[PDB]
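Student:
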Amino acid sequence: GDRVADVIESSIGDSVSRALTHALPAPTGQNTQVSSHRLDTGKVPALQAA
Amino acid sequence: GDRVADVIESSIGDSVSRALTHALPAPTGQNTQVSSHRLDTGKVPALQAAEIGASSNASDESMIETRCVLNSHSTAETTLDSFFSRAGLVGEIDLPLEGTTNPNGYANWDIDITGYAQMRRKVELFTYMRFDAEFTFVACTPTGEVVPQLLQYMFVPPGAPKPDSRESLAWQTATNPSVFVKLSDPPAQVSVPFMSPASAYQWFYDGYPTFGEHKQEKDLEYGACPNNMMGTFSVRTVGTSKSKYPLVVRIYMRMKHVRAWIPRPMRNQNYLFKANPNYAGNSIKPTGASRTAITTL
Amino acid sequence: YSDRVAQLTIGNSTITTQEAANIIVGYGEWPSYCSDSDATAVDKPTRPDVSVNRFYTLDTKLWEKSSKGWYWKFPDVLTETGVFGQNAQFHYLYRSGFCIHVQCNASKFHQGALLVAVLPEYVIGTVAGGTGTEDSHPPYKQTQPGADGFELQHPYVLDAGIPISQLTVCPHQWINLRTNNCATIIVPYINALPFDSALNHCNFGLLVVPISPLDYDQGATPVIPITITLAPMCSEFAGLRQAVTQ
Amino acid sequence: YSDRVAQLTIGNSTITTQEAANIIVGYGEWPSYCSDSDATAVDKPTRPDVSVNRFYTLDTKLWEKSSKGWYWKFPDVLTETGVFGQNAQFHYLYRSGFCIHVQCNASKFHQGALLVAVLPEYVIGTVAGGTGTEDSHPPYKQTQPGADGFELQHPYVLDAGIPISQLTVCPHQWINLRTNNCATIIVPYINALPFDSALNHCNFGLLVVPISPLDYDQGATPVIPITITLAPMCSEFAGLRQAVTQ
Amino acid sequence: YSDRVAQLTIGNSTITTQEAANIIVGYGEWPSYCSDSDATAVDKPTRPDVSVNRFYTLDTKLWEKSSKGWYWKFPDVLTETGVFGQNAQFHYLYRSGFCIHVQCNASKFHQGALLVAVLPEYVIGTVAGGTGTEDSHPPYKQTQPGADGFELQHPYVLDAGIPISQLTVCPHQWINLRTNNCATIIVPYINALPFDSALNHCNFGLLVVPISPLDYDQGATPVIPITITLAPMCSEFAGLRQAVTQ
Ligand SMILES: CCCCCCCCCCCCC/C=C/[C@H](O)[C@H](N)CO
Numbered sequence: 001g002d003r004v005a006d007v008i009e010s011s012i013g014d015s016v017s018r019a020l021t022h023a024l025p026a027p028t029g030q031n032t033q034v035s036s037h038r039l040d041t042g043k044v045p046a047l048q049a050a
Numbered sequence: 001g002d003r004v005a006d007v008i009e010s011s012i013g014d015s016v017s018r019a020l021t022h023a024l025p026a027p028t029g030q031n032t033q034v035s036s037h038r039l040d041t042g043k044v045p046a047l048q049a050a051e052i053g054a055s056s057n058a059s060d061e062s063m064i065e066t067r068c069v070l071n072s073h074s075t076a077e078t079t080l081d082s083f084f085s086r087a088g089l090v091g092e093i094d095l096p097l098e099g100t101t102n103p104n105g106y107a108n109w110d111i112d113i114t115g116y117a118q119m120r121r122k123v124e125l126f127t128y129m130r131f132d133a134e135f136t137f138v139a140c141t142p143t144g145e146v147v148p149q150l151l152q153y154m155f156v157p158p159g160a161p162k163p164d165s166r167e168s169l170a171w172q173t174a175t176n177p178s179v180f181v182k183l184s185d186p187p188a189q190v191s192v193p194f195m196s197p198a199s200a201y202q203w204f205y206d207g208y209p210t211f212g213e214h215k216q217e218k219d220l221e222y223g224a225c226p227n228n229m230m231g232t233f234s235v236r237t238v239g240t241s242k243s244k245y246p247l248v249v250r251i252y253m254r255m256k257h258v259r260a261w262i263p264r265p266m267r268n269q270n271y272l273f274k275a276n277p278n279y280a281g282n283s284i285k286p287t288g289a290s291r292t293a294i295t296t297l
Numbered sequence: 009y010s011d012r013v014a015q016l017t018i019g020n021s022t023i024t025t026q027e028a029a030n031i032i033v034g035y036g037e038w039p040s041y042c043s044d045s046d047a048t049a050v051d052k053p054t055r056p057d058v059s060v061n062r063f064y065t066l067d068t069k070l071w072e073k074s075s076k077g078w079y080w081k082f083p084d085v086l087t088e089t090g091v092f093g094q095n096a097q098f099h100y101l102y103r104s105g106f107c108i109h110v111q112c113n114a115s116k117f118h119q120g121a122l123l124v125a126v127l128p129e130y131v132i133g134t135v136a137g138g139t140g141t142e143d144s145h146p147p148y149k150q151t152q153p154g155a156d157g158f159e160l161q162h163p164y165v166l167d168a169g170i171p172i173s174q175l176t177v178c179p180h181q182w183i184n185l186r187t188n189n190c191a192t193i194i195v196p197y198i199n200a201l202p203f204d205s206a207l208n209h210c211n212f213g214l215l216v217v218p219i220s221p222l223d224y225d226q227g228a229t230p231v232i233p234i235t236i237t238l239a240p241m242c243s244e245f246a247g248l249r250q251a252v253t254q
Numbered sequence: 009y010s011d012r013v014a015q016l017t018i019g020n021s022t023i024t025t026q027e028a029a030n031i032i033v034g035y036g037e038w039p040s041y042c043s044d045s046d047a048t049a050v051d052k053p054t055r056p057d058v059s060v061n062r063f064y065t066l067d068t069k070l071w072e073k074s075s076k077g078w079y080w081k082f083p084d085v086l087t088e089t090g091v092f093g094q095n096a097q098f099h100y101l102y103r104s105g106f107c108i109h110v111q112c113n114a115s116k117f118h119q120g121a122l123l124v125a126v127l128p129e130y131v132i133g134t135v136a137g138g139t140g141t142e143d144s145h146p147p148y149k150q151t152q153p154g155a156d157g158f159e160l161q162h163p164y165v166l167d168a169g170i171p172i173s174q175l176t177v178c179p180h181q182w183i184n185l186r187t188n189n190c191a192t193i194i195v196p197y198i199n200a201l202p203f204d205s206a207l208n209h210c211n212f213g214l215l216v217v218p219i220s221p222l223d224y225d226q227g228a229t230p231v232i233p234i235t236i237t238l239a240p241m242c243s244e245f246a247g248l249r250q251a252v253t254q
Numbered sequence: 009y010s011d012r013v014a015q016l017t018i019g020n021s022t023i024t025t026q027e028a029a030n031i032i033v034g035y036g037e038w039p040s041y042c043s044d045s046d047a048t049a050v051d052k053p054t055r056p057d058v059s060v061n062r063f064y065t066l067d068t069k070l071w072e073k074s075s076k077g078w079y080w081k082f083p084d085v086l087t088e089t090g091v092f093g094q095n096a097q098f099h100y101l102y103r104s105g106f107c108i109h110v111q112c113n114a115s116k117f118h119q120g121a122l123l124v125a126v127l128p129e130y131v132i133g134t135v136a137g138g139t140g141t142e143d144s145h146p147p148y149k150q151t152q153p154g155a156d157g158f159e160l161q162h163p164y165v166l167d168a169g170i171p172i173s174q175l176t177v178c179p180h181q182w183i184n185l186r187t188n189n190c191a192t193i194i195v196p197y198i199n200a201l202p203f204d205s206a207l208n209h210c211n212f213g214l215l216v217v218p219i220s221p222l223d224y225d226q227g228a229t230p231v232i233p234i235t236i237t238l239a240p241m242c243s244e245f246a247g248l249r250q251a252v253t254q
């Protein structure tokens with residue numbers, strides 16, 4: 001139609017830099033919550049891929 | 001309890017064929033929606049497994065940034081009716097004055113669509129076909145000259161008396177259809193209904209028509225389904241004294257109200273015989289042209 | 009849930025597989041019993057169910073590094089096998105679809121790809137005397153091989169003038185050794201008639217043929233067998249008589 | 009859904025991968041066009057879009073068992089390549105981010121790990137006459153190698169006094185042969201200016217360098233190539249003039 | 009979520025695994041502290057928690073191609089190890105369950121299967137002089153081997169007249185080299201008493217024994233070790249006195 005669609009939708013000229021992360025306040029060092037034992041399958045924090 | 005449960009639940013005798021897919025309307029070619037760049041993990045259209053047995057579902061909108069296209073290209077030309085409503089050569093009947101061939105102005109032709117590759121291969125694309133037909137009969141001399149002769153075409157369905165003479169008693173045609181044309185008149189044209197005992201004609205019968213032992217004698221009857229053997233075709237002079245002119249009759253078939261069913265690969269070897277897919281064994285040809293190297297054009 | 013792990017239970021038979029492709033439903037149409045509007049015979053058919061509707065292991069070919077490929081003609085494969093074939097002999101009319109499970113597995117250091125295909129009305133032609141001037145016809149052992157099946161004369165041409173180059177039209181499934189180890193095809197009763205002889209006529213033909221050749225180094229396994237398994241679905245028989253064979 | 013299987017489609021280019029790590033978004037910030045508040049040039053820039061925003065395959069190094077590692081300087085790599093480089097030559101001002109897809113695959117019996125890194129303003133220093141008493145400077149072929157790239161003099165020091173021991177600060181991604189076979193880095197336009205020359209200034213530098221050496225037994229493949237692919241995103245050009253080069 | 013990837017964190021210990029079977033909960037019953045209705049001692053027990061409730065690596069046997077299998081007797085394995093054993097010595101009464109993580113990994117070209125089993129009250133018998141006419145008894149080093157454990161005299165008979173042919177009754181878990189590389193068994197305090205001596209009595213016995221032998225070609229690794237790890241859960245000690253040992 002009028003005008004062409006690939007111009008209407010087109011994101012050309014998008015001004016604002018899309019933020020993947022926002023800043024949080026850290027006046028103090030992070031506090032530590034209490035923890036207990038955990039013997040489960042699937043939940044595995046230690047294993048990671050560098 | 002009463003009655004037994006494995007009969008109550010049992011799906012034995014389920015009549016309707018469970019449809020995995022329904023047909024949608026496609027008057028125009030598919031339109032193309034606009035596309036943008038995509039850099040994601042998990043969404044991957046291009047990667048597919050041909051092992052499955054399915055065709056590539058990957059659409060062009062997800063392989064390249066595309067514009068909008070309002071496609072209005074019609075798909076009508078690509079339909080079974082508009083693809084088969086083309087009259088093609090299916091028979092040539094010769095009536096010479098004196099030769100090896102039929103010399104008494106009466107020829108009999110057991111009706112076989114094949115024997116002419118172009119009309120055959122087009123038709124051999126499908127295994128089962130159901131259609132009405134429109135037959136045209138062109139009569140002339142071997143030079144193409146038009147002469148004042150009077151022919152009689154007669155349709156002889158299976159079991160009906162076949163003519164054994166130019167002046168046979170079967171030419172009374174008290175029941176079976178026959179047509180009286182002059183060569184002066186334009187080609188005779190006749191509409192024909194679908195008259196197989198089966199729901200469709202078969203271009204392929206993977207079996208024998210008879211029971212018992214199949215020794216090397218009755219081995220030529222392999223692939224013979226009488227359901228699409230619709231009888232014989234006969235021509236007269238007409239009598240009673242022999243004709244004065246050499247004659248040639250060409251039969252043309254046009255299909256209408258066509259309904260083919262299951263698709264078939266397409267012949268790549270020279271046809272050699274009627275109702276028989278034999279081929280020259282030492283002269284096996286590739287399906288298409290060939291080049292010198294795969295890295296050159 | 010996963011796509012490649014499958015299990016097929018019919019009657020008292022059960023096939024498991026962990027490295028498969030998705031199941032093909034033939035022509036997008038599940039096998040079914042014959043309606044009272046399609047049928048024409050007035051006889052009340054027998055639907056033996058479990059006894060005949062089950063998997064049959066009928067052959068096992070050895071896929072050698074240079075093989076042309078084989079084929080089988082259905083339903084002539086079972087005619088002497090099990091209680092299915094018994095019903096197919098004592099009766100004149102028969103109706104069924106099949107669940108073909110072709111299977112072939114190797115290591116991860118093997119390579120090659122099979123092509124499983126179900127070609128309806130697979131009529132077989134002969135080499136016409138090598139020159140083309142002989143209207144010879146195939147023997148009974150070629151058109152109706154049965155149990156052991158038949159090796160192709162030439163694989164390019166499908167022994168019928170038609171090219172294997174476009175066999176993937178009719179319901180097919182590849183067995184590519186680096187991804188899957190079995191193919192599964194479910195076909196319905198494909199015929200222009202509601203019933204047929206089952207002895208004289210063969211509804212279709214299974215074409216197991218390699219396109220990319222089997223290959224392997226000097227490993228510890230050179231014997232790689234392809235095994236054919238099938239199972240009649242919604243089987244019906246009518247026109248009872250004496251036991252008749254080939 | 010999965011994390012390692014990815015597809016990257018830009019313009020008329022498309023990259024597939026089945027054994028990858030997750031995509032890195034540079035500094036947690038997607039590439040964008042220049043605002044009317046950051047810009048200063050009054051010219052109406054050209055944003056050619058599809059024609060220049062697409063993947064380019066520019067080099068393929070052979071990862072030998074004893075290699076020091078290589079680098080490329082952006083955006084001098086494309087200046088003579090495609091219709092991107094054409095715009096970068098006829099214009100004075102340029103702006104774009106990139107989508108770098110470094111790729112290198114081997115068997116499961118190979119081992120080794122690459123380190124893909126995007127270091128902004130990668131200024132290169134020289135060995136000061138071996139002794140330290142010579143203020144020499146690198147040639148043009150070292151600071152702006154372009155297509156073929158440049159092999160490191162010394163890899164420990166990054167040819168600039170800085171240690172590779174802490175290069176994983178700036179956006180990086182490892183290519184460890186036993187887990188992934190490709191790295192992907194998306195960077196935005198990283199500069200203190202809204203636009204720059206693209207010929208004189210180089211926004212950053214791609215550092216492909218192995219830390220754990222490639223190794224393999226006497227197998228059947230010793231030629232393991234690393235291939236560099238990149239794609240400009242949100243490209244803008246301003247200040248039109250005649251075609252100018254290096 | 010997945011079934012084979014697991015992590016076990018107790019106290020300041022942590023075990024990771026990527027190729028495991030699901031965790032067995034002994035007799036479908038999680039370990040617990042002793043109620044005030046089951047207990048009989050009036051002493052206020054010590055429940056040291058973290059210090060003693062943690063993983064201990066106590067032994068590592070070498071699984072050779074022809075090994076009969078080994079066993080350990082609990083809780084005599086820890087009596088000289090850590091701050092758990094300290095509490096078990098200074099006290100008369102003890103109560104705890106365990107979290108046994110037997111571990112053994114090889115390549116994909118290795119084969120073999122271990123059988124990890126927890127058999128409560130595993131009393132050991134002797135070969136009665138070969139003929140059967142001698143009421144001999146096992147030494148201390150056989151009934152209470154401790155750290156290094158003991159190799160079976162005969163594995164078929166479990167050195168007690170009982171058959172290993174039916175050991176999979178009591179909580180077990182296979183270590184089949186082609187699927188898993190570790191077993192995990194969580195047992196509660198299994199005894200007819202709320203507390204026991206921990207030195208004199210042994211609540212159960214860990215039986216690590218191969219049924220399908222380890223095998224491998226002339227590869228690059230013939231040393232395949234099995235490693236035993238355990239962790240006391242809900243530990244209680246009562247009846248304080250001087251330090252006493254074996
Ligand atoms: C007035 C004369 C009209 C003649 C009517 C004839 C109509 C016949 C319809 C075509 C039937 C199918 C043709 C036969 C199939 C093949 O030729 C072979 N049987 C293949 O085996």
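Protein chains in written order, with the deposited numbering: chain A, 1 to 50; chain A', 1 to 297; chain B, 9 to 254; chain B', 9 to 254; chain B'', 9 to 254. A prime marks a further copy of an entry chain. Backbone N, C-alpha and C define an ideal beta-carbon position, used for all residues, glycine too.
(1) Helix or strand or just coil, what does DSSP make of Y130/B'?
(2) Determine the contact status of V131/B and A168/B, defining contact as a CB-CB distance below 8 Å.
(3) Quick one: using the 10 Å Cβ neighbour count with 16 as the cut-off for buried, is residue 256/B' buried or exposed?
(4) Should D40/A' be labelled buried (16 or more other beta-carbon atoms within 10 Å of its own) or exposed?
(5) Please list the terminal residues of the continuous alpha helix (DSSP H) segment that includes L80/A'.
(6) With a 10 Å radius around its C-beta and 16 neighbouring C-beta atoms as the bar for buried, classify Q250/B'' as buried or exposed.
(7) Tell me the rounded alpha-carbon separation between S234/A' and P171/B.
(8) Suppose the cutoff is 6 Å on Cβ atoms and the five residues either side in sequence are ignored; what does the same chain contact list for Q15/B look like?
(9) Hey, is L16/B''s beta-carbon within less than 8 Å of any beta-carbon in chain A'?
(10) Quick one: what does DSSP say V231/B' is sitting in, helix, strand or coil?
(11) Could you tell me whether the Cβ of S144/B' comes closer than 8 Å to any Cβ of chain A'?
(12) Under 8 Å between C-beta atoms, does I219/B'' make it to chain A?
(13) So who's on the other strand from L238/B, going by DSSP bridges?
(14) Assuming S205/B contacts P56/B (C-beta within less than 8 Å), just tell me the rounded distance between them.
(15) Could you give the first and the last residue of the continuous beta strand (DSSP E) run that contains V216/B?
(16) Per DSSP, what kind of secondary structure is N184/B' in: helix, strand or coil?
(17) Tell me, please, whether the CB atom of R18/A is closer than 8 Å to any CB atom in chain B'?
(18) Say the cut is 7 Å; is the CB of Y9/B'' nearer than that to a heavy atom of ligand 1?
(19) Tell me where the alpha helix (DSSP H) around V248/A' begins and ends.
(20) For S220/B'', count the other beta carbons within 10 Å of its own beta carbon; 16 or more makes it buried, fewer makes it exposed. Which is it?
Tutor: On the basis of the data shown:
(1) coil
(2) yes
(3) Any question about residue 256/B' goes unanswered here, given that chain B' covers just 9 to 254.
(4) exposed
(5) 80-84
(6) exposed
(7) 37 Å
(8) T24
(9) yes
(10) coil
(11) no
(12) no
(13) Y64/B
(14) At roughly 18 Å, the Cβ-Cβ gap does not stay under 8 Å, so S205/B and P56/B are not in contact.
(15) 212-223
(16) strand
(17) yes
(18) no
(19) Note, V248/A': premise wrong, no alpha helix (DSSP H); beta strand (DSSP E) at 247-260.
(20) exposed
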